[PDB]
Amino acid sequence: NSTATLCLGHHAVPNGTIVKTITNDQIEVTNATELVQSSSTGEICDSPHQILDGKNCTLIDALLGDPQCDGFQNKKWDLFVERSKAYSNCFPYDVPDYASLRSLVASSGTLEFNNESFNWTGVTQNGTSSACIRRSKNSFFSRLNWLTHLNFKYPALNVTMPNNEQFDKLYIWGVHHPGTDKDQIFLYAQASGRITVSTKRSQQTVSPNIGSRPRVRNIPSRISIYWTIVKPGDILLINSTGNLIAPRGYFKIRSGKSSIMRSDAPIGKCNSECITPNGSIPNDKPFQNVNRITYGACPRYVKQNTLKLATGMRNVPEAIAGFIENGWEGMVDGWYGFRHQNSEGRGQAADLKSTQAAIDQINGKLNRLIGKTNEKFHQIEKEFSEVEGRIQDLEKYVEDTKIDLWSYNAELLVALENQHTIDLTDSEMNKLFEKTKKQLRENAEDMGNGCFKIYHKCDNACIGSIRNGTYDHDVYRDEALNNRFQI
Amino acid sequence: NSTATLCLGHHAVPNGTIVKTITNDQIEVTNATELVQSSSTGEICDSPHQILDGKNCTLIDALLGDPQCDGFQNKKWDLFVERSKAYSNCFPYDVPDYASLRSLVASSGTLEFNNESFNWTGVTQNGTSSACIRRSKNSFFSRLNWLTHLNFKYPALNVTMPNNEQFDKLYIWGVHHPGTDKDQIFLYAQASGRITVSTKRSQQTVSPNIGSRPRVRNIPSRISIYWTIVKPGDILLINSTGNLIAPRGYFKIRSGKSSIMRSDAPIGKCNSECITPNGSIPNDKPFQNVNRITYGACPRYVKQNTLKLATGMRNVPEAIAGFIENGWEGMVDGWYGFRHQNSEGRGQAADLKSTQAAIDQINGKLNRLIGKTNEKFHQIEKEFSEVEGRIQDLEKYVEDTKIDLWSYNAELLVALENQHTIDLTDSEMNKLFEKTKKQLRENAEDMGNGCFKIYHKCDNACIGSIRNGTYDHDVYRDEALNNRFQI
Amino acid sequence: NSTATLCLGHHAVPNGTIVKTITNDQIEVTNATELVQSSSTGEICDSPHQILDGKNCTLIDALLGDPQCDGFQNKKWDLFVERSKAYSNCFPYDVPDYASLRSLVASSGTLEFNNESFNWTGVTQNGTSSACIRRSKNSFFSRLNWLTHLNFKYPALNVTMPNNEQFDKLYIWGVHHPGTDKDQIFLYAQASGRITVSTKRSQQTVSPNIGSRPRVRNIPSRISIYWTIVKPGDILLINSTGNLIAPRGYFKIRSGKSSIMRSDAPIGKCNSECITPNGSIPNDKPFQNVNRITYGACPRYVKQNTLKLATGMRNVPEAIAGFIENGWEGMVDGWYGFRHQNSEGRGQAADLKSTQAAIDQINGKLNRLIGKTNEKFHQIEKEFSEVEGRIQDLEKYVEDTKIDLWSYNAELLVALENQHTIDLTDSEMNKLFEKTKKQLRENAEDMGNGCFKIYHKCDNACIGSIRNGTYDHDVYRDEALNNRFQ
Ligand SMILES: *[C@@H]1O[C@H](CO)[C@@H](O[C@@H]2O[C@H](CO)[C@@H](O)[C@H](O)[C@H]2NC(C)=O)[C@H](O)[C@H]1NC(C)=O
Ligand SMILES: *[C@@H]1O[C@H](CO)[C@@H](O[C@@H]2O[C@H](CO)[C@@H](O)[C@H](O)[C@H]2NC(C)=O)[C@H](O)[C@H]1NC(C)=O
Ligand SMILES: *[C@@H]1O[C@H](CO)[C@@H](O[C@@H]2O[C@H](CO)[C@@H](O)[C@H](O)[C@H]2NC(C)=O)[C@H](O)[C@H]1NC(C)=O
Ligand SMILES: *[C@@H]1O[C@H](CO)[C@@H](O)[C@H](O)[C@H]1NC(C)=O
Ligand SMILES: *[C@@H]1O[C@H](CO)[C@@H](O)[C@H](O)[C@H]1NC(C)=O
Ligand SMILES: *[C@@H]1O[C@H](CO)[C@@H](O)[C@H](O)[C@H]1NC(C)=O
Ligand SMILES: *[C@@H]1O[C@H](CO)[C@@H](O)[C@H](O)[C@H]1NC(C)=O
Ligand SMILES: *[C@@H]1O[C@H](CO)[C@@H](O)[C@H](O)[C@H]1NC(C)=O
Ligand SMILES: *[C@@H]1O[C@H](CO)[C@@H](O)[C@H](O)[C@H]1NC(C)=O
Ligand SMILES: *[C@@H]1O[C@H](CO)[C@@H](O)[C@H](O)[C@H]1NC(C)=O
Ligand SMILES: *[C@@H]1O[C@H](CO)[C@@H](O)[C@H](O)[C@H]1NC(C)=O
Ligand SMILES: *[C@@H]1O[C@H](CO)[C@@H](O)[C@H](O)[C@H]1NC(C)=O
Ligand SMILES: *[C@@H]1O[C@H](CO)[C@@H](O)[C@H](O)[C@H]1NC(C)=O
Ligand SMILES: *[C@@H]1O[C@H](CO)[C@@H](O)[C@H](O)[C@H]1NC(C)=O
Ligand SMILES: *[C@@H]1O[C@H](CO)[C@@H](O)[C@H](O)[C@H]1NC(C)=O
Ligand SMILES: *[C@@H]1O[C@H](CO)[C@@H](O)[C@H](O)[C@H]1NC(C)=O
Ligand SMILES: *[C@@H]1O[C@H](CO)[C@@H](O)[C@H](O)[C@H]1NC(C)=O
Ligand SMILES: *[C@@H]1O[C@H](CO)[C@@H](O)[C@H](O)[C@H]1NC(C)=O
Ligand SMILES: *[C@@H]1O[C@H](CO)[C@@H](O)[C@H](O)[C@H]1NC(C)=O
Ligand SMILES: *[C@@H]1O[C@H](CO)[C@@H](O)[C@H](O)[C@H]1NC(C)=O
Ligand SMILES: *[C@@H]1O[C@H](CO)[C@@H](O)[C@H](O)[C@H]1NC(C)=O
């Protein structure tokens, strides 16, 4: 006829994704990305972090020198992996404040040990027992020196070890608790007395407690493990009359990124910045639901199993009509575009500048959210195997508080980001419509269905001029006004 | 007249509510709902949680078997309620790590106790004291066995109790600290030694400390309470030469939805998921300002006394003018609507579809905020009666940090939700205006007061057609253009 | 001519500021303000808080009565400032739980001490040491009483001190751990022994551990410090056979806005509510990056080095054209305005009401961020000089969690406020444009460049009438319609 229809609209897909917003909880979008990492590879990767596989050893067993842990002497790690199927196979022992010594060594990151010559005179060195078998022979912990009487005497030891280095020295020592008085005399030839280990800054006094304990590996006695840190310029003084499991030297304390994790996952040859007890995970997504226990440049742990961030506009499946009534399922070149009815025929073209503007805004939002990780190393324990009381309750409370707060932040962030993304794509659709209306001026009317009725003869070249912003409204003003406002 | 005026507007109320938004701290709205529960009912509900009223007893007194607490033997609970007017009325005692044992038992949720045939030979069982009167005669704690000499002899005990069950056993035992050497000899016939209670996994050694304490209920001596947890497959060994307040058996350790609260509120016949020290509270609102100490599906504690969530549009009290100049007080059928002046007279009708769309979006937000309360049980202590130091300070810091962060989240959430509520109601008013404008095409002009001037004669049926969305602009186009563009 | 052009637009500046929004990481705005305090004055301000400079003393040395701390006796403070240069010069000692006693006293906020007469009979009072020189004479801690034998006997002490007051009494006492057995006999005339200090509610039993330790200031022995809190109506009972460093009275326990801070900053004559280890800082900004350790009405600590809050509109550098194509670099009277071309030359005038509306919304926003501060006093230790284990790990975890969450809140808040600010200035520009369009009705067309083409001769009086909202579209309707549609 003497008019034409130019409809503006946007693409749609047959199978969209349901996302949450502020306005609604179940709104369909054309595309979305998952922001919660919900699965692991099942293996701990050797790179980029140095992984020390504990095998059958615990970190403390490796520290003390348990005969099965000889392969752990002087090792370094970024993450120590402690296996569930691990056990002591040496003299029964315990550690008051076990969690603290384990934390100290895991944080330090090394078992580097330097032997020192202690003046252990008047006593017999290198005591052994059938509990600790090293090479089919009776042994003891490789980093401890079990001192016993010499010729039925155990003279009081007053042994000085100055710290003349520029680093802190970690000394591991213990106290033997015999299972009977007969053992106390056999090994030390005198009453228990007490052991005092002191520095200029601190002191520790431990008394032996002789008596039977349930046998562990047929041993009715125990060794208690104690430690001390000697600062540069300080002096370690050990005063003992018996029952001393002496240090053979010191371990270095380092500051660093090292930690310990409990995991039965195998260790494999892959590169992954994040490590969890379930194995390494990708750290692209901002959130994870694999484990609360993490090491490295990991995503933050949330309770939500899935959070999907819209990466497209509202999906609205389906004469010509535009964005007000529905989306266009026949558009594959871009997100926004034009469809028209002319004298020559019907056609369609995408508006690639508006499409890219919407994509760049989405890309910017994804860039702020994706690839930004939070690198954490030594942290509190999050899983417990014993009922300890007030301190464990506080550690659980702190972790649950952190998880609830980050889950809230993730839920609010995703709902705000999805509401904003929809608003951005609606704004781009509306800007394209307003641009077209302003370009057409008085030569077209808004039909209320996202289309313009053009009141002058319009060919495909004219539509092309409109689409790329080169339409001259004055050339057609007289025809359009005569048709629009009948005279 | 040859023309008519069709005005669009929205309701207003004589008494609005002041809410906060991001843009303005004090915006008046037609309606708002409180999101902070600031008052309790004053009573603790018997349902749905099992409530154990401690009456005159603390949890530890019920655990030990204080005579006034005999009514709590073998009881179970979901929440143990500890009264301020509670006191011990038995032998004076203390508990190292009292908070840990109280938490441990409260978390377990039961006083179920199984007696065991301990081989307490060579000693006299069931010692009593005048401090503990049961049935008007001298007694002792019902779950403790005060062992004394037999015929002026107290042979060393080496008593083994294997754990052959599939569950952990909690053994409660103590150490008697006589107030004089005469009591130590009178009761045990020998000087004090040490008590060692050990397992394959752990050991505890406690020495008696003879000496006077300020008398409590006329007793100068004290009992210290210790506990041990025996895992399946382990063995309990009690090694003692005197001063042992022996277990009579064990308590079962459970893990579940159980805790302890200090409260003086009465307990009554009601059903409420959330229990606070001030009594049960409703759990419909997302936040509460009653107490930081809660149990069950409770709203999160915030510092704000009030937070009002807008549930309506901004209140703008009042020929005809629309939403740009004011709201309409005289409209009760809906939130959005029309007023007109035509050839027949004045009139008004509400637009019910826009009203419902706004309401549905508000109800969506309300459903997101209301009734989504998260359920928490055993947590940490938040109120303290004694000055303890570093651990109490950390617990207070953790709770204050949590409260400040949730108060921030509540303030930001309400300001964002109220700003969004205003934006949605303004968007619905604007959408109704744009819809009307598009329906009218060139037959009407925007007068800048929220009204359209229609340039053709209108009857009530025509205005109704416009409200319905059935208005045909072509049958009126020639009249409206001849009048609208008259020179 | 027969037509006129009336353009609407907004100002621009030669050089704006880059801020973050939700939509983009770097948007240029005409003005922005810093919300993170990144520097201190270098001095601790004298008021409003009561500041006690520890000089060469620690809080514990001041508590015990170290000779260098006599000037701190019976003092009160809101903030105790502990210097990194502080050192002890008295008998060597330790505290089994040093952090708890230091926190306890710092929280109490006072060294007020009330002497009590204890029945220390049969023993020698006021023992001294060459380690603690007060006036060129051997002395001891001024709040401790080193008891020794009398005539080579130390009878067992059973000393009762009832609490008949209405407040909690803090008793500081200790145990001497001699360096050998000769010291134990020389001082107490008997080996070993045990000290029990008890109340109705609790008891503490400490054994001396005789033996050498590394010499500190030439003293091979140590004193361990213990404390007891006695509630009103309770009794302090001290039972000792030797090695007792007795109390001389009690310290009052209070509850209030008091704490302790470690800092080497000097104390000035400044008045500032917020104190950090680096010195006091302004507390006007909602956030700070000076230190995680704060006292008083301080901004919250964030990791961000800077956060800029837009305080103006987007900066769009600059026939005539309006806001769709460019801003106006030549408009310095307001933020929004009109520029016109008619037969009588060209001109410009600012729209003062839209400018003020945008400013009022921004000032409202600033009042929600600036000044409002959360005041905190005693907290937790955030920096450590020793490797302690599980408790230190938890304290660090809690503080890092708090910082990460507040840094998140600060980034989200600033991005939301900047995106909203941009939306506010775009909305005000669009509202002024729509207002003009509604006033002009059919007498003008929107040219798509932020300007209106008016189809009737619009003189400076017509354009002034339009700018102030007094334009009558009917007066010019016949001319404008004849020029526009014919
Ligand atoms: C205390 O009792 C325990 C257990 O009843 C004794 O330990 C047992 O000793 C025998 C050998 O005498 C072993 O065959 C058992 O396997 C041991 N069992 C356990 C659980 O240790 C212990 O010897 C007793 N102590 C004294 C001093 O008599
Ligand atoms: C140590 O002193 C306390 C308190 O001075 C003595 O306890 C008092 O003993 C008398 C009876 O001898 C009672 O009437 C008082 O009520 C007790 N008071 C308190 C606070 O317990 C205690 O007996 C003394 N001990 C020794 C061994 O002399
Ligand atoms: C135990 O050893 C320490 C250190 O080897 C002895 O302390 C030293 O004593 C001499 C005096 O005899 C002083 O000059 C040194 O400065 C001391 N050194 C330290 C580090 O304190 C201590 O005397 C010895 N104890 C016994 C009982 O022999
Ligand atoms: C979603 O976007 C990704 C690119 O990020 C693309 O590979 C994928 O095919 C898209 N899916 C849909 C349904 O549009
Ligand atoms: C662990 O111990 C078992 C025996 O209990 C042995 O068969 C296995 O090979 C050990 N593993 C390693 C890595 O040494
Ligand atoms: C003790 O054993 C170590 C090796 O662990 C050896 O170097 C040292 O000489 C031995 N000492 C004695 C006294 O046998
Ligand atoms: C401390 O060392 C001295 C000197 O050898 C000794 O006589 C004393 O018994 C030692 N004490 C302890 C507890 O080892
Ligand atoms: C990771 O391991 C924990 C502990 O076994 C388990 O609860 C969790 O479901 C696991 N997650 C995945 C993704 O395997
Ligand atoms: C716009 O499109 C028309 C027809 O497709 C073409 O002739 C014209 O050169 C184009 N202009 C620009 C700037 O791309
Ligand atoms: C606000 O809404 C509630 C229902 O949600 C209603 O009961 C109340 O009367 C309303 N108040 C006003 C002023 O509209
Ligand atoms: C609840 O009790 C606490 C005291 O434990 C009190 O401070 C608070 O104001 C009370 N709240 C209400 C709503 O009664
Ligand atoms: C609790 O103790 C009071 C006396 O203080 C007594 O009157 C009351 O009956 C007791 N209640 C129970 C349940 O034993
Ligand atoms: C001790 O008292 C309990 C109470 O149940 C009783 O069963 C037991 O037989 C008594 N034993 C002796 C030796 O009195
Ligand atoms: C443990 O029992 C044995 C049994 O002979 C005894 O000799 C030993 O002294 C006891 N120890 C304690 C601490 O009771
Ligand atoms: C139009 O609106 C009027 C209002 O009263 C109503 O009665 C009539 O049924 C409506 N018609 C349609 C087709 O919606
Ligand atoms: C920014 O605002 C401040 C007042 O807060 C004003 O003094 C300054 O001149 C403004 N700068 C610009 C470029 O507008
Ligand atoms: C601190 O001690 C030094 C001596 O080491 C002294 O010179 C200085 O004046 C002291 N400072 C104060 C404030 O007393
Ligand atoms: C101990 O010293 C104090 C210091 O104030 C003094 O008042 C008291 O009389 C002295 N007592 C003896 C016995 O020297
Ligand atoms: C407690 O005081 C009495 C007083 O007669 C004394 O005999 C006993 O040894 C004291 N005990 C301690 C631990 O001081
Ligand atoms: C404040 O002091 C800490 C510790 O010395 C330092 O790390 C930080 O950079 C300082 N900040 C400023 C603004 O001086
Ligand atoms: C508006 O401006 C015109 C021309 O400047 C002036 O004559 C008129 O009085 C002004 N009206 C108001 C209300 O300022």
Side-chain angles (χ1 to χ4, degrees), chain A residues 58-66 87-105 123 127-129 131-132 140-148 154 157 170-181 183-184 187-188 191-199 202-217 219-229 236 238-248 251 386 388, chain B residues 96-97 194-207 226 228-229 234 237 239, chain C residues 96 207 209 211 389-390:
Chain A
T58 66
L59 179 59
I60 299 303
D61 288 332
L63 181 67
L64 298 178
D66 183 303
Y87 59 96
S88 299
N89 194 4
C90 195
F91 202 87
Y93 70 94
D94 60 274
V95 184
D97 202 9
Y98 179 90
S100 291
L101 181 57
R102 180 177 171 277
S103 178
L104 264 79
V105 177
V123 297
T128 63
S129 68
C132 302
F140 191 68
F141 291 104
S142 66
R143 297 283 183 262
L144 298 171
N145 189 347
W146 187 350
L147 304 175
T148 66
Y154 193 114
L157 297 168
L170 176 64
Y171 290 88
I172 306 300
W173 59 276
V175 176
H176 183 241
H177 303 292
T180 178
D181 289 345
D183 288 342
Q184 181 66 41
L187 295 171
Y188 308 110
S192 299
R194 74 191 163 307
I195 298 138
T196 299
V197 178
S198 65
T199 65
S202 68
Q203 60 179 308
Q204 298 178 37
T205 299
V206 180
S207 296
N209 294 300
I210 297 166
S212 298
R213 296 170 173 80
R215 289 177 184 199
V216 177
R217 298 181 291 279
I219 303 299
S221 63
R222 298 289 185 273
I223 296 171
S224 295
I225 303 301
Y226 299 94
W227 69 96
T228 185
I229 300 172
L236 178 67
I238 299 170
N239 201 4
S240 175
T241 60
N243 303 68
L244 174 67
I245 304 301
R248 291 179 184 270
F251 293 89
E386 293 177 350
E388 296 178 292
Chain B
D97 264 285
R194 73 184 146 300
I195 298 167
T196 298
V197 178
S198 64
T199 68
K200 291 177 184 177
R201 177 173 69 65
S202 69
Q203 59 178 324
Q204 297 177 39
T205 299
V206 181
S207 296
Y226 298 91
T228 185
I229 299 172
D234 207 336
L237 178 64
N239 194 204
Chain C
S207 296
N209 297 305
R390 184 178 187 173

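Basis for what follows: all heavy atoms, side chains included, without hydrogens, waters or symmetry-related copies. A note on names: the letters A, B, ... follow the listed sequences, proteins ahead of strands, and every chain is numbered from 1.
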Going by heavy atoms in the side chains, are [X] and [Y] under 4.5 Å from each other?
X	Y	result
A/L244	A/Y188	no
A/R194	A/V175	no
B/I229	B/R201	yes
A/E386	A/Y98	no
A/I245	A/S224	no
A/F91	A/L64	no
B/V206	B/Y226	yes
A/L170	A/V105	yes

Which atom of [X] lies closest to which atom of [Y], heavy atoms considered:
X	Y	result
A/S192	A/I210	OG-CD1, 3.0 Å
A/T228	A/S202	OG1-OG, 4.5 Å
A/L147	A/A246	CD1-CB, 3.7 Å
A/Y154	A/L157	OH-CD1, 3.6 Å

Exercise. Could you please spell out the steps behind the side-chain contact (heavy atoms from CB on, under 4.5 Å) verdict for A/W173 and A/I238?
Key: CA-CA 10 Å; A/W173 59 276; A/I238 299 170; 5.7 Å; no
Donor-acceptor pair, distance only, cut-off 3.5 Å: does the side chain of A/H177 make one with the backbone of A/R222?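 Side chain of A/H177 to backbone of A/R222: no pair is present.
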Exercise. Quick check: does any side chain N or O of A/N89 sit under 3.5 Å from a backbone N or O of A/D66, one acting as donor and the other as acceptor?
Worked result: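 No, because the side chain of A/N89 does not come within donor-acceptor range (under 3.5 Å) of the backbone of A/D66.
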Going through the distances and angles, do A/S100 and A/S103 end up as a side chain to side chain donor-acceptor pair (under 3.5 Å)? CA-CA 5 Å; A/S100 291; A/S103 178; over 6 Å; no
> Will you find, in the side chains of A/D94 and B/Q203, an N or O donor that is under 3.5 Å from an N or O acceptor?
Replying inline: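 A/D94 vs B/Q203: donor-acceptor pair found between side chains.
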>> Is a donor from one side chain sitting under 3.5 angstrom from an acceptor on the other, for A/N239 and A/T196?
In response: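 On atom types as modelled, these side chains do not qualify, holding no pair under 3.5 Å.
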Kindly compute the distance separating [atom1] ([X]) from [atom2] ([Y]), expressed to the nearest 0.5 Å.
X	Y	atom1	atom2	value
B/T199	B/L237	OG1	CG	9.5 Å
A/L144	A/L63	CG	CG	8.5 Å
A/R213	B/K200	CZ	NZ	15.5 Å
A/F141	A/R248	CZ	CZ	12.0 Å
A/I60	A/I172	CD1	CD1	7.5 Å
A/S221	A/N243	OG	CG	10.5 Å

Item to complete: Give me the ring orientation class for A/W146 and A/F140: parallel if the planes are under 30° apart, tilted from 30 to 60°, perpendicular past 60°.
Response: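 If you compare the ring of A/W146 with that of A/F140, the planes turn out tilted.
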- Kindly determine whether A/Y93 and A/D61 satisfy side chain to side chain donor-acceptor pair (under 3.5 Å), including the steps that lead there. CA-CA 10 Å; A/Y93 70 94; A/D61 288 332; 2.5 Å; yes
